[PDB]
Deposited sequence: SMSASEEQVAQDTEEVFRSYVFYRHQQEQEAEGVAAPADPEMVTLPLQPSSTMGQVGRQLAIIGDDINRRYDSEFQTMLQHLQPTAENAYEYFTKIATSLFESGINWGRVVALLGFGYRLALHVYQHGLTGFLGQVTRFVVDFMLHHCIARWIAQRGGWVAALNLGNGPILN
């Protein structure tokens, strides 16, 4: 169900952020991303980890774009929702597929890192809510549910 997927997204996104950050260090710090709630081998934990792994190429397409847009827009706590929404919407103009789902998580990762570096602390909860809200209202949660839920991503291998 779509609400199931939405609520699973909190753990999936936290895990994605954790492993994306870890793999990036294993290659800007943000200790908030290492001290996240925390089950590595849990089901949604493994989903997050798999998305970070398989996303190493698609993020090569998107990362640089996300960084320049963020340096230009200068998100504040007040306008972050507006800008997150604009950019997330561009990711799904023509397609929903698992690659664009991974792009969305990657943009949430980049937004969170960017605001931390510019002095906004404790913003990951808000970024997570932005992700979930967008996924609900833009049928991304429904789409994932139709594919069997987030656990379906474990088969992307």
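According to the record, C-alpha coordinates are lacking for deposited residues 1-4, 32-36, 167-172.
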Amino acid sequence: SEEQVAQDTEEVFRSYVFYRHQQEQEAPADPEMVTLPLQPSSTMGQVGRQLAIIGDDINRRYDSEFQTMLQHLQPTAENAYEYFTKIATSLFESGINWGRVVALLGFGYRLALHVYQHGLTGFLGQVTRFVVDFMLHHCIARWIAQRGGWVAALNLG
From here on, numbers count along this sequence of modelled residues.
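As recorded in the PDB entry, 29-37 is the stretch of 121-129 and 29-37 with the greater mean C-alpha temperature factor.
Mean CA temperature factor is higher for 64-72 when stretches 90-98 and 64-72 are set side by side in the entry.
Taking the PDB entry at face value, the top CA B factor among 58, 115, 47, 105 belongs to 58. Annotation for 15, 146, 9, 23: 23 ranks highest, by Cα B-factor.
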